[PDB]
Each structure stands twice: as C-alpha cells, then as structure tokens.
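Protein chains in written order, with the numbering used here: chain L, 4 to 238; chain A, 303 to 359. C-beta atoms are modelled at their ideal positions from N, C-alpha and C, and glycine is treated no differently.
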Ligand SMILES: NC(=[NH2+])c1ccc(N)cc1
Ligand SMILES: [Ca+2]
C-alpha cells in the first residue's frame, strides 16, 4: 500500500499474510476458523503456503500470531491462468487446524450477492496489506491500510489497454500517490456498514503502483459470494 | 411496508417472502433481538467487528 497509514494492532482482525517462496508475498482474509479467501494468482502450483493470522509487525513477535498450513486449495472453477491470470482471481484455502478466534483473529462478513453489490456502491472501501510502500520499493514491516474511492466503470475501462471484465472493478485515485501494490493482492477490500465490515473485494492486480491515471483492479466478490459460502460452510 | 423503504428498518438485511412481509435477517454470528430489526452478537466474536481497544488511555 502506497500512501497508506500504520494500522493499530487488532484493527483488521480478518487480515492474514501468506508465506511461501517469499514471505508476505500475498494477503488473505479469514472466512472462518478453517477458511481463508485470497487471490487465485497467489497460488502457484508446488509452493507450500503458510498462513499467519493475528499479524501486525511481520518482523517481530507480538504473541497474537497464529501459523497454519494449507491442506487444500480451491481456485474458482472459471479461473484459468492459461487464458488469463486475473480473471476470476479468487481462491479458497483450508487450514490444517482451526484458528482460535479472539480480538486479533476475527472473520470478515460476507453478505448476500445483492447487498455485497450495494455496499460496494457506497463508494469507499478499506484496503490493507504488507505490500510495497513505494512503487518498486521495500515492503511494510507493519500492516498498512488505505481508503480507496470507487472509480467510474467508464473511466476504469478507459485507463488501461487491457480487458477489464465485469468480474473486476477499479478503485483508487485520479491523482495517484495512493494505491495498493505488489505483496498486497489476495488481501481484503472491505466496506464498513454501521460498525460492521463486509468483504466487498479482493486486491488483485494493477499496472505499476500509485501512478496517476491508472488504478488498482479488484475482484468483484459479489459474483462469488455463493461459491464462497458453499465451500467454506462448516461440518 | 415496502422492504425497499429504508431497508425496512432492518439493521442489516431485509426481505419479503410469503405474504410479501418485510422480514429482517442478520449475518452468521448474529441473531435478531426482540427489537425485531437490530442484530445482536450470538457468538463471543462475530464477523466484521473490532474488539481491541484502539486506545491505551
Ligand atoms: N494497485 C496496483 N497497482 C497493484 C495491486 C496489486 C499488484 N500485485 C500489483 C499492482
Ligand atoms: Ca508479528
């Protein structure tokens, strides 16, 4: 997150970071004790993914941390990195042992397909992660967050020469300087509804970071609410 | 009441199923109090909420 601010511990309980070939290479969100939501392109075959919940300073030991191993990956069935790697960019991760919920480890709310889309329309969303704090720079030791206004569908489609499918959306600023960046994707884009946050998107991709004229593409979670609710439901 | 009128006064979700009646509902980890519109936590830590002091004071 470029142009962001330091989150206070426990401010985004649902936030998790993914570690594999590289530490904090992607973010995620807690659906429940056993499931994480993230981007499909964050899961490259072979790499063993490690999930840490209750994370704040990626370098130190706050004692709120919780490590878990992934025993299953379920990328959305329409996802196909061969044709395109950012279309249907959403995946599920089953943890080996259930997380213990507390003030630092809390799931995000997933609403109806219809409300999810209404809350997205409120205009403002919160984005957070331990990604680059400057285009092509260092990552964040401490979790960063940033509020991003929704961008006009017409504007969004005109900002890139790449195809923006109705499965994705734009958010960010016309000015630039403030955007999400690499290392953040897989992370949440939440909307707060009277003190209760709901997942309204997933940090996916972009072109450079915080550069004026270009935005960040996020996965429109509303088109996936059901698939999530289905495969994450506990038994 | 039209469930479209101010969400039917439902804190979270509103509907109309049988006799097109404005029914309210909450999300997992919440249950509808007798106030019949507001949602109340039905778990120690429901979803989407902050429960750690943002201040030391
Ligand atoms: N917002 C962005 N420019 C962006 C976000 C994620 C990412 N991996 C790359 C670029
Ligand atoms: Ca730590």
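- Out of A:317, A:349, A:335 and A:325, the CA that lies nearest to the CA of residue 117 (chain L) is found in A:317.
- In terms of beta-carbon proximity, residue 305 (chain A) stays away from the interface with chain L, with every pair separated by 7 Å or more.
- Ranked by Cα distance from residue 28 (chain L), the first of L:42, L:17 and L:159 is L:42.
- Counting of Cβ neighbours within 10 angstroms places residue 139 (chain L) among the exposed residues, the total staying below 16.
- Straight across, the Cα-Cα distance linking residue 91 (chain L) with residue 191 (chain L) is about 15 Å.
- Using a Cβ-Cβ cut-off of 7 Å, residue 310 (chain A) does not count as an interface residue toward chain L, since no Cβ of chain L sits closer than that to its own.
- Beyond the five residues adjoining it in sequence on each side, residue 72 (chain L) comes within less than 6 Å, by CB distance, of 99 in the same chain, given in chain order.
- In its chain, beyond the 5 residues on either side, 194 have a beta carbon closer than 7 Å to the beta carbon of residue 125 (chain L).
- Within chain A, the residues placing a beta-carbon under 7 Å from that of residue 11 (chain L) are 356, ordered along the chain.
- By a beta-carbon distance limit of 8 Å, residue 218 (chain L) does not contact residue 204 (chain L). Their separation comes to about 12 Å.
- With contacts defined by Cβ atoms closer than 7 Å, residue 146 (chain L) and residue 56 (chain L) do not form a contacting pair.
- The C-alpha of residue 119 (chain L) lies about 33 Å from the C-alpha of residue 24 (chain L).
- Cβ atoms of residue 131 (chain L) and residue 16 (chain L) stay farther apart than 8 Å, at about 11 Å.
- Proximity of residue 121 (chain L) to chain A, defined by a Cβ-Cβ separation below 7 Å, is not satisfied.
- Secondary structure note for residue 229 (chain L): its alpha helix (DSSP H) is the uninterrupted segment 228-235.
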